[PDB]
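J.: Following this message is one structure expressed as structure tokens.
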Amino acid sequence: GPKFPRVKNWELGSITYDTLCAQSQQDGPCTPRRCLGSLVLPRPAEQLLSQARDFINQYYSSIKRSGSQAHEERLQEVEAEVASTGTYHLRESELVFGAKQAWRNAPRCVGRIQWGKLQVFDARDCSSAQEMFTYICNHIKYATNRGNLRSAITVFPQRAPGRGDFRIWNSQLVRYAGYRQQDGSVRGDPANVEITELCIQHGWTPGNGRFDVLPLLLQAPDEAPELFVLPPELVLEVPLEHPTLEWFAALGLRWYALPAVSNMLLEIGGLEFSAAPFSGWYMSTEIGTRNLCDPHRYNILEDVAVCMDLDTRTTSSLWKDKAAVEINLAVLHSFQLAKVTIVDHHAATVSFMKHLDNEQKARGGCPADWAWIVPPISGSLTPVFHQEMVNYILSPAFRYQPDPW
Amino acid sequence: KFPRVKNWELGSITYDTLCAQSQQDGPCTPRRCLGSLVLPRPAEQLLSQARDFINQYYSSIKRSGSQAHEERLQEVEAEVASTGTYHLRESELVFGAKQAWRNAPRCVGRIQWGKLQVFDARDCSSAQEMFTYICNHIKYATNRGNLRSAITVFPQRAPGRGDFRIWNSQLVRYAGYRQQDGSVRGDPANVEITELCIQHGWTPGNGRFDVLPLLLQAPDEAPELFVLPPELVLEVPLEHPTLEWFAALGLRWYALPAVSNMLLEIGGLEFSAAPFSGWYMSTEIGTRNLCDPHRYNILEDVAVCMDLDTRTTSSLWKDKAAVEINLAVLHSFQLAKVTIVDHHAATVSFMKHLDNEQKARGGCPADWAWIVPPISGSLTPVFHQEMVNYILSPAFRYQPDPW
Ligand code: HEM
Ligand code: HEM
Ligand SMILES: N=C(Nc1cccc(O[C@H]2CN[C@H](COc3ccc(/N=C(/N)c4cccs4)cc3)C2)c1)c1cccs1
Ligand SMILES: N=C(Nc1cccc(O[C@H]2CN[C@H](COc3ccc(/N=C(/N)c4cccs4)cc3)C2)c1)c1cccs1
Ligand SMILES: C[C@H](O)[C@H](O)[C@H]1CNc2nc(N)[nH]c(=O)c2N1
Ligand SMILES: C[C@H](O)[C@H](O)[C@H]1CNc2nc(N)[nH]c(=O)c2N1
Ligand SMILES: [Zn+2]
């Protein structure tokens with residue numbers, strides 16, 4: 001019957017039609033001849049005006065005022081401003097709506113049940129690297145909130161014609177050092193090799209531990225970046241122990257409480273906020289499966305299996321699956337004990353199914369990237385595994401952007 | 001512009017150029033991706049597919065462009081022009097079946113693709129004859145537990161008449177008996193086929209693991225019922241290497257996975273009954289068949305036996321039971337000496353396959369959501385590997401249920 005993607009849940013037998021994808025203005029990487037959905041990197045003038053008009057229409061709808069005089073004056077305001085300046089500026093309440101809408105729009109986030117609850121710090125008055133540092137520290141203090149984490153975003157000035165960008169160089173506000181060795185290996189987190197070497201080229205005195213917190217490299221328009229060390233008491237970490245395996249604590253493993261992405265671009269109504277770091281809380285599989293067990297990350301699967309006395313010489317003992325489970329349980333248990341917000345992959349995905357049902361009623365669909373939504377252990381044990389998903393790009397949005405160097 | 005395909009664990013990059021040869025559209029468009037969807041959203045026609053397939057064949061035997069080739073193309077041409085259809089030589093059929101398996105994007109076992117026993121059953125005129133061919137196939141493929149991949153191919157679709165079909169979705173399937181209180185005894189995926197069997201006269205049982213009969217159908221005839229002789233259906237009792245109470249759950253599974261409702265398309269010709277088999281990957285039995293909520297759904301029972309905290313997701317009880325159940329399956333198949341492959345060995349060998357395919361053909365169509373196992377995804381190398389999905393022919397396809 002309906003001319004929109006049919007979407008099926010194979011566990012419960014239920015069908016829906018996504019009508020929201022109609023609202024996609026921006027193409028993704030797929031064509032009728034080939035599906036490129038599994039690729040991680042999906043490879044103005046009047047152009048700005050129409051993005052702006054579209055965003056202002058979205059704002060007036062969210063407050064139920066489409067067609068009103070407040071609505072048509074705001075449009076006229078926006079084009080007048082572009083008319084003479086080439087760009088325009090967002091009201092405070094517009095920025096707050098657009099930031100939540102960007103989270104809500106993100107196909108790869110499983111945490112969107114929470115989308116309506118986001119503290120938006122407005123930092124569009126910021127004019128130096130020192131000041132960014134102050135805002136960032138404020139963000140971390142508020143978001144961390146002694147372990148009872150609160151979702152938050154801090155928005156720095158938008159991109160502007162000619163003038164250089166605001167940029168945080170690090171990919172997260174909290175990142176462990178990755179030190180390349182003589183023996184070709186790496187101490188710390190291999191993911192952070194490059195940002196580590198940049199920090200050093202820029203005058204940071206490197207440690208040599210597995211869990212050295214990096215300084216921040218902050219860049220204000222048309223200036224070399226500057227280096228700022230986070231005060232250690234601001235950076236809450238959790239030491240990792242296991243509820244029954246007494247030796248697990250002796251491994252000296254740890255992770256930080258606050259995940260906070262700092263290198264993504266927040267785009268709203270054509271405006272481009274190149275520095276707009278955002279934070280929530282972790283799903284446990286991010287730490288316990290990916291960060292600790294990826295072969296190219298900490299890679300601790302073998303060491304843990306040896307302690308558990310598993311047969312690591314044969315795949316069919318499932319030593320990998322057993323070790324990974326215990327690591328995940330340790331992460332959950334240690335966060336619980338420390339009273340630091342965290343969510344397991346079962347709670348997370350159940351809440352995402354609720355989110356999908358909310359959005360079906362509210363917008364008639366929800367863009368979602370199945371390969372990312374499904375957890376990296378125990379996939380089919382979660383209800384998202386059995387749920388078809390339609391992936392597409394809406395604006396406002398979080399986007400990847402080239403690295404500044 | 002061709003796709004860049006990156007592996008994120010090793011940082012290596014390929015380009016897929018094989019996809020340029022795709023002639024069929026997939027479910028996606030520029031505006032939206034539909035890859036996680038499970039089901040799909042004249043003479044010159046047949047003639048191009050035929051020419052193209054005959055060209056694939058002669059190329060493969062390196063006898064391309066020449067005499068045997070040009071004459072084979074004329075034969076196909078002469079036959080289509082007069083009859084609106086043609087027929088394949090046995091050795092072409094053999095090439096086509098292997099190539100259809102090779103091209104299947106959802107298949108993690110393709111390293112094996114060159115090793116396929118092909119039974120030509122195109123001289124089949126009755127359900128009875130289909131039954132005999134189906135038994136030889138089971139007997140050959142099972143091989144007392146040393147499983148061997150096989151396909152049996154029945155007579156192709158013809159404009160004039162209905163299809164040869166096997167109603168059952170696999171050759172071995174456990175009964176599912178719906179209760180008046182909604183609930184199911186046996187395998188809830190097989191409720192509708194169980195019911196069809198009874199309607200066509202089968203005496204039901206009441207076990208959790210009662211093996212179904214086959215419903216075989218010769219063209220335009222009511223389907224016919226046939227019982228598989230119990231000694232043809234090899235089964236493995238499930239026990240656990242260290243948990244003695246596990247055996248007592250009375251769980252088992254059959255050795256031979258043989259798909260029997262898909263359509264085999266070669267050279268524009270369609271083979272509506274062409275059952276195929278190989279061997280199981282352990283996660284198919286251990287994770288999906290026994291732990292899916294809408295399958296036998298044994299996760300809670302196992303967790304209670306292991307004495308775990310059921311009250312909370314965050315004890316990871318589900319993850320712990322799943323792992324033991326998969327362990328039980330591998331141990332049990334190893335003990336009965338029946339071919340099985342675990343998901344680590346399987347995905348490791350699929351990686352080697354992508355690499356062979358890259359050198360040979362310049363790409364490999366693969367469906368990431370189906371290749372990555374349903375437990376321990378990121379623990380296998382495939383998780384970390386970008387994959388391009390597209391339809392090449394020869395191919396296995398879905399087709400509608402005959403009832
Ligand atoms: C409330 C707690 C939250 C949880 C548990 C959560 C969970 C996640 C997870 C697990 C991922 C995938 C991570 C990975 O594999 O690298 C993700 C992606 C993402 N989330 Fe969240 N999220 C939360 C809140 C937030 C917030 C506050 C924002 C921004 C306002 C956000 C925006 C994103 C974006 C943009 C991505 C995808 C990044 C990319 O495409 O590469 N989420 N989320
Ligand atoms: C030799 C051992 C083999 C193994 C271990 C294997 C493994 C698998 C697995 C795990 C799947 C996913 C099935 C599911 O989740 O339901 C699959 C899909 C498939 N395999 Fe295999 N395979 C093997 C051999 C074969 C053979 C011999 C054929 C046919 C000649 C074949 C054709 C297929 C096809 C067509 C699919 C796709 C099914 C669909 O689209 O629904 N495979 N394979
Ligand atoms: N490689 C780099 N740049 C770069 C360029 C393009 C993309 C990119 O990756 C994104 C996707 N993946 C990465 C992280 O995204 C995440 C990470 C964690 C995450 N998890 C959470 N629970 C939350 C974070 C924030 C709110 S919830 C949610 C999203 C960030 C990194 C650099 C490394 C060092 C300096 S530049
Ligand atoms: N049944 C429905 N939808 C439907 C229709 C066609 C196909 C389908 O799913 C596929 C996926 N999967 C199924 C069989 O595929 C398999 C199964 C097992 C398998 N495993 C193996 N190891 C092998 C089998 C043979 C050689 S290796 C490899 C492939 C078949 C579902 C309907 C619901 C309501 C009205 S109609
Ligand atoms: C190749 C593949 O796209 C890549 O490994 C993806 C798979 N799914 C993922 N899912 C999440 N949430 N995060 C990731 O980094 C990835 N990696
Ligand atoms: C919606 C989703 O695509 C569906 O559940 C798929 C996911 N991946 C799968 N992968 C395999 N091998 N088998 C399956 O049945 C499925 N189910
Ligand atoms: Zn796609």
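Labels for the structure tokens follow display order: chains A, B, ..., residues from 1 in each chain, ligands from 1.
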Contacts of segment 166-183 of chain A at 6 Å or less, counting only C-alpha atoms, minus same-chain residues fewer than 5 places along, as a PyMOL selection string?
T.: chain A and resi 188-190+192-193+196+211-214+217-221+260-263+275
J.: Keeping N, CA, C and O atoms, export the residues of the selection given above as a short mmCIF file (atom, residue, chain, number, x, y, z; two decimals), in the first residue's frame.
T.:
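Okay, part_17.cif is ready:
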data_model
loop_
_atom_site.label_atom_id
_atom_site.label_comp_id
_atom_site.auth_asym_id
_atom_site.auth_seq_id
_atom_site.Cartn_x
_atom_site.Cartn_y
_atom_site.Cartn_z
N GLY A 188 49.90 2.64 26.26
CA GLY A 188 48.69 3.42 26.38
C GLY A 188 47.69 3.04 25.29
O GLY A 188 47.62 1.88 24.86
N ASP A 189 46.94 4.02 24.83
CA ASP A 189 45.91 3.79 23.85
C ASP A 189 46.37 4.09 22.40
O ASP A 189 46.57 5.23 22.06
N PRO A 190 46.49 3.05 21.54
CA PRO A 190 46.98 3.23 20.16
C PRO A 190 46.13 4.19 19.34
O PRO A 190 46.63 4.82 18.40
N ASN A 192 45.38 7.02 20.10
CA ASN A 192 45.70 8.40 20.42
C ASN A 192 47.13 8.72 20.14
O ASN A 192 47.69 9.66 20.73
N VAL A 193 47.69 7.96 19.22
CA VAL A 193 49.10 8.07 18.90
C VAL A 193 49.36 9.46 18.31
O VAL A 193 50.26 10.17 18.74
N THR A 196 48.89 12.42 20.52
CA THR A 196 49.92 12.41 21.53
C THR A 196 51.14 13.12 20.97
O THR A 196 51.64 14.04 21.58
N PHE A 211 47.85 5.03 31.16
CA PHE A 211 46.61 5.77 31.36
C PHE A 211 46.90 7.22 31.69
O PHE A 211 46.32 7.78 32.63
N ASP A 212 47.82 7.84 30.94
CA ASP A 212 48.11 9.26 31.13
C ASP A 212 47.06 10.10 30.43
O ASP A 212 46.89 10.01 29.22
N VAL A 213 46.34 10.92 31.19
CA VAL A 213 45.39 11.86 30.62
C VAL A 213 46.08 12.96 29.78
O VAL A 213 47.01 13.58 30.24
N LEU A 214 45.66 13.16 28.54
CA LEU A 214 46.34 14.13 27.66
C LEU A 214 45.96 15.57 27.99
O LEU A 214 44.89 15.82 28.53
N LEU A 217 44.42 20.64 23.28
CA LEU A 217 45.05 21.53 22.34
C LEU A 217 43.90 22.35 21.76
O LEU A 217 43.06 21.81 21.02
N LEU A 218 43.84 23.63 22.12
CA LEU A 218 42.70 24.49 21.81
C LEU A 218 43.09 25.59 20.85
O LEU A 218 44.13 26.21 21.00
N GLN A 219 42.25 25.85 19.87
CA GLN A 219 42.64 26.76 18.84
C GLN A 219 41.57 27.81 18.66
O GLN A 219 40.41 27.47 18.41
N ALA A 220 41.99 29.07 18.74
CA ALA A 220 41.13 30.19 18.53
C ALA A 220 41.48 30.78 17.16
O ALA A 220 42.61 30.65 16.71
N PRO A 221 40.52 31.47 16.49
CA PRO A 221 40.66 31.88 15.09
C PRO A 221 41.98 32.54 14.75
O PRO A 221 42.40 33.47 15.45
N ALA A 260 33.03 12.63 26.05
CA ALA A 260 32.73 13.97 25.63
C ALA A 260 33.44 14.18 24.27
O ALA A 260 34.65 14.24 24.24
N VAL A 261 32.67 14.25 23.18
CA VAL A 261 33.24 14.23 21.84
C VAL A 261 33.51 15.69 21.55
O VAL A 261 32.61 16.55 21.73
N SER A 262 34.75 15.97 21.15
CA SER A 262 35.17 17.35 20.89
C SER A 262 35.58 17.72 19.44
O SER A 262 35.98 18.85 19.14
N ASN A 263 35.49 16.79 18.52
CA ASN A 263 36.00 17.12 17.18
C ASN A 263 34.92 17.14 16.09
O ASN A 263 35.20 17.34 14.90
N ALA A 275 33.47 24.15 16.81
CA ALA A 275 33.83 23.71 18.17
C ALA A 275 32.57 23.66 19.04
O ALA A 275 31.99 24.70 19.38
#
J.: So that I can see what lies close to residue 251 of chain A, please list as JSON, numbers by chain the residues with an atom at most 9 Å from it, counting only C-alpha atoms and leaving out residues fewer than 3 positions away in the same chain.
T.: {"A": [240, 241, 247, 248, 304]}
J.: Those same residues - C-alpha atoms - I'd like them written as a JSON list (two decimals), in the first residue's frame.
T.:
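This went into part.json:
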[["chain", "number", "residue", "atom", "x", "y", "z"],
["A", 240, "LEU", "CA", 38.32, -1.58, 37.45],
["A", 241, "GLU", "CA", 37.71, -4.61, 39.71],
["A", 247, "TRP", "CA", 42.81, -10.82, 40.76],
["A", 248, "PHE", "CA", 41.14, -8.57, 38.27],
["A", 304, "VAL", "CA", 42.47, -11.75, 30.86]]
J.: Return as a Markdown table the residues of chain A lying at most 6 Å from ligand 6, together with the closest atom-to-atom pair for each and the distance in Å to one decimal, counting only C-alpha atoms and all ligand atoms, with rows in chain order and ascending residue number.
T.:
| residue | atom | partner | partner_atom_place_in_ligand_line | distance |
| --- | --- | --- | --- | --- |
| A:385 | CA | ligand 6 | 5 (O) | 5.0 |
| A:386 | CA | ligand 6 | 5 (O) | 3.7 |
| A:387 | CA | ligand 6 | 1 (C) | 4.6 |
| A:388 | CA | ligand 6 | 1 (C) | 3.9 |
J.: Would you mind exporting C-alpha atoms of the selected residues as a tab-separated table (two decimals), in the first residue's frame?
T.:
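Writing the result to out_20.tsv gives the following:
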chain	number	residue	atom	x	y	z
A	385	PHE	CA	19.20	-6.94	16.37
A	386	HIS	CA	15.71	-8.04	15.22
A	387	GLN	CA	14.59	-4.53	14.22
A	388	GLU	CA	14.96	-3.20	10.61
J.: How would you write, as JSON, numbers by chain, the set of residues no farther than 7 Å from ligand 7 when counting only C-alpha atoms and all ligand atoms?
T.: {"A": [30, 35, 36, 37], "B": [28, 33, 34, 35]}
J.: Can I get the selection written as a PDB file, in the first residue's frame, with N, CA, C and O atoms?
T.:
ATOM      1  N   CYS A  30      24.578   5.495  -0.777  1.00  0.00           N
ATOM      2  CA  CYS A  30      24.036   4.311  -1.478  1.00  0.00           C
ATOM      3  C   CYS A  30      23.363   4.655  -2.797  1.00  0.00           C
ATOM      4  O   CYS A  30      22.854   5.773  -2.973  1.00  0.00           O
ATOM      5  N   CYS A  35      25.045  -1.126  -2.114  1.00  0.00           N
ATOM      6  CA  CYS A  35      24.906  -0.706  -0.698  1.00  0.00           C
ATOM      7  C   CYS A  35      26.244  -0.509   0.062  1.00  0.00           C
ATOM      8  O   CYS A  35      26.962  -1.494   0.365  1.00  0.00           O
ATOM      9  N   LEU A  36      26.501   0.768   0.392  1.00  0.00           N
ATOM     10  CA  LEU A  36      27.689   1.274   1.112  1.00  0.00           C
ATOM     11  C   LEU A  36      27.389   1.683   2.578  1.00  0.00           C
ATOM     12  O   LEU A  36      28.152   2.445   3.190  1.00  0.00           O
ATOM     13  N   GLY A  37      26.287   1.150   3.121  1.00  0.00           N
ATOM     14  CA  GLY A  37      25.848   1.389   4.496  1.00  0.00           C
ATOM     15  C   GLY A  37      26.804   1.004   5.612  1.00  0.00           C
ATOM     16  O   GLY A  37      26.710   1.537   6.725  1.00  0.00           O
TER      17      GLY A  37
ATOM     18  N   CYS B  28      18.333   0.108  -1.702  1.00  0.00           N
ATOM     19  CA  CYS B  28      18.765   1.485  -1.393  1.00  0.00           C
ATOM     20  C   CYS B  28      18.667   2.472  -2.566  1.00  0.00           C
ATOM     21  O   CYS B  28      18.646   2.081  -3.747  1.00  0.00           O
ATOM     22  N   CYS B  33      19.318   4.579   3.102  1.00  0.00           N
ATOM     23  CA  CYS B  33      19.842   3.205   3.098  1.00  0.00           C
ATOM     24  C   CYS B  33      18.840   2.207   3.722  1.00  0.00           C
ATOM     25  O   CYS B  33      18.294   2.467   4.816  1.00  0.00           O
ATOM     26  N   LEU B  34      18.653   1.064   3.035  1.00  0.00           N
ATOM     27  CA  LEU B  34      17.732  -0.017   3.433  1.00  0.00           C
ATOM     28  C   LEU B  34      18.422  -1.390   3.562  1.00  0.00           C
ATOM     29  O   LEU B  34      17.800  -2.423   3.331  1.00  0.00           O
ATOM     30  N   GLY B  35      19.695  -1.405   3.952  1.00  0.00           N
ATOM     31  CA  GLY B  35      20.495  -2.647   3.959  1.00  0.00           C
ATOM     32  C   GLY B  35      20.108  -3.693   5.007  1.00  0.00           C
ATOM     33  O   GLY B  35      20.324  -4.899   4.807  1.00  0.00           O
TER      34      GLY B  35
END
J.: Report as number ranges by chain which protein, DNA and RNA residues come within 9 Å of ligand 2, using only C-alpha atoms and all ligand atoms.
T.: B: 38-39, 97-113, 115-117, 147-151, 257-259, 262, 275-284, 288, 340-343, 346, 370-371, 373-374, 395-398
J.: For the strand (DSSP E or B) assignment from backbone DSSP, which residues of segment 2-161 of chain B qualify? Please present them as a tab-separated table (two decimals) with N, CA and C atoms, in the first residue's frame.
T.:
chain	number	residue	atom	x	y	z
B	4	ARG	N	35.87	2.81	-2.26
B	4	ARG	CA	36.96	2.51	-1.29
B	4	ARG	C	36.45	1.63	-0.11
B	5	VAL	N	37.05	0.46	0.10
B	5	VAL	CA	36.67	-0.53	1.18
B	5	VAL	C	37.82	-0.61	2.19
B	6	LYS	N	37.58	-0.09	3.40
B	6	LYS	CA	38.61	-0.04	4.43
B	6	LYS	C	38.43	-1.09	5.54
B	7	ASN	N	39.52	-1.78	5.94
B	7	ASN	CA	39.59	-2.54	7.21
B	7	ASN	C	40.17	-1.65	8.33
B	13	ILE	N	43.35	-0.84	2.70
B	13	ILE	CA	42.30	-0.35	1.83
B	13	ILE	C	42.28	-1.10	0.49
B	14	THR	N	41.09	-1.53	0.05
B	14	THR	CA	40.88	-2.00	-1.32
B	14	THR	C	39.87	-1.11	-2.06
B	15	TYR	N	39.76	-1.33	-3.36
B	15	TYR	CA	38.69	-0.79	-4.17
B	15	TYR	C	37.88	-1.90	-4.79
B	33	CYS	N	19.32	4.58	3.10
B	33	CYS	CA	19.84	3.21	3.10
B	33	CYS	C	18.84	2.21	3.72
B	117	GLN	N	29.26	-30.68	-4.51
B	117	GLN	CA	28.63	-31.80	-5.24
B	117	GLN	C	27.25	-31.41	-5.84
B	118	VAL	N	27.11	-31.56	-7.14
B	118	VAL	CA	25.92	-31.10	-7.82
B	118	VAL	C	25.16	-32.25	-8.42
B	119	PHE	N	23.95	-32.51	-7.93
B	119	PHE	CA	23.12	-33.60	-8.47
B	119	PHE	C	22.14	-32.99	-9.43
B	120	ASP	N	22.20	-33.46	-10.68
B	120	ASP	CA	21.29	-33.02	-11.71
B	120	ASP	C	20.00	-33.82	-11.61
B	150	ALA	N	26.37	-30.02	-0.78
B	150	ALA	CA	25.69	-30.49	-2.00
B	150	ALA	C	24.48	-29.64	-2.44
B	151	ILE	N	24.18	-29.70	-3.74
B	151	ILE	CA	22.92	-29.15	-4.25
B	151	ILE	C	22.27	-30.18	-5.20
B	152	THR	N	20.94	-30.28	-5.15
B	152	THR	CA	20.22	-31.09	-6.10
B	152	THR	C	19.30	-30.13	-6.82
B	153	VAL	N	19.26	-30.24	-8.14
B	153	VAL	CA	18.56	-29.24	-8.95
B	153	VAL	C	17.47	-29.92	-9.74
J.: May I ask you to write as a PDB file with C-alpha atoms, in the first residue's frame all residues lying at most 8 Å from ligand 1, with only C-alpha atoms and all ligand atoms counted?
T.:
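The new file out02.pdb reads:
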ATOM      1  CA  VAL A  40      32.387   4.333   8.554  1.00  0.00           C
ATOM      2  CA  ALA A  99      21.331  21.266  19.417  1.00  0.00           C
ATOM      3  CA  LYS A 100      18.670  18.811  20.748  1.00  0.00           C
ATOM      4  CA  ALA A 102      20.976  17.389  16.102  1.00  0.00           C
ATOM      5  CA  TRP A 103      21.284  14.742  18.820  1.00  0.00           C
ATOM      6  CA  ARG A 104      17.795  13.496  18.014  1.00  0.00           C
ATOM      7  CA  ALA A 106      22.043  11.235  14.851  1.00  0.00           C
ATOM      8  CA  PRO A 107      21.603   7.754  13.226  1.00  0.00           C
ATOM      9  CA  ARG A 108      24.505   6.165  15.140  1.00  0.00           C
ATOM     10  CA  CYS A 109      23.429   7.085  18.708  1.00  0.00           C
ATOM     11  CA  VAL A 110      21.637   4.498  20.812  1.00  0.00           C
ATOM     12  CA  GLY A 111      21.149   6.978  23.665  1.00  0.00           C
ATOM     13  CA  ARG A 112      18.454   9.081  22.046  1.00  0.00           C
ATOM     14  CA  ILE A 113      15.657   8.213  24.572  1.00  0.00           C
ATOM     15  CA  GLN A 114      17.415  11.071  26.452  1.00  0.00           C
ATOM     16  CA  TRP A 115      17.409  13.645  23.542  1.00  0.00           C
ATOM     17  CA  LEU A 118      20.404  18.282  27.200  1.00  0.00           C
ATOM     18  CA  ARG A 150      24.294  15.050  33.075  1.00  0.00           C
ATOM     19  CA  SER A 151      24.118  15.372  29.291  1.00  0.00           C
ATOM     20  CA  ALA A 152      25.586  18.660  28.068  1.00  0.00           C
ATOM     21  CA  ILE A 153      26.918  20.645  25.124  1.00  0.00           C
ATOM     22  CA  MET A 264      32.531  16.985  15.536  1.00  0.00           C
ATOM     23  CA  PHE A 278      29.038  17.357  23.766  1.00  0.00           C
ATOM     24  CA  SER A 279      28.894  14.681  26.514  1.00  0.00           C
ATOM     25  CA  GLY A 280      26.512  12.076  27.919  1.00  0.00           C
ATOM     26  CA  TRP A 281      27.464   8.848  29.672  1.00  0.00           C
ATOM     27  CA  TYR A 282      28.901   5.533  28.513  1.00  0.00           C
ATOM     28  CA  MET A 283      27.255   2.342  27.467  1.00  0.00           C
ATOM     29  CA  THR A 285      30.283  -2.202  25.906  1.00  0.00           C
ATOM     30  CA  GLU A 286      32.130   0.953  24.686  1.00  0.00           C
ATOM     31  CA  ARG A 290      35.731  -1.885  22.232  1.00  0.00           C
ATOM     32  CA  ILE A 342      26.666   3.899  33.201  1.00  0.00           C
ATOM     33  CA  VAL A 343      24.253   1.773  31.150  1.00  0.00           C
ATOM     34  CA  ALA A 348      20.414   0.750  26.447  1.00  0.00           C
ATOM     35  CA  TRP A 372      26.293   0.937  15.074  1.00  0.00           C
ATOM     36  CA  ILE A 373      23.081   0.591  17.064  1.00  0.00           C
ATOM     37  CA  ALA A 397      23.246  17.385  12.460  1.00  0.00           C
ATOM     38  CA  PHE A 398      26.558  16.398  13.931  1.00  0.00           C
ATOM     39  CA  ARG A 399      29.060  15.889  11.086  1.00  0.00           C
ATOM     40  CA  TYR A 400      32.663  14.791  10.775  1.00  0.00           C
TER      41      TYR A 400
END
J.: Could you give me the residues within 6 Å of ligand 5, counting only C-alpha atoms and all ligand atoms, as a list in words?
T.: residues 38, 39, 40, 371, 372 and 373 of chain A; 383, 384, 385 and 386 of chain B
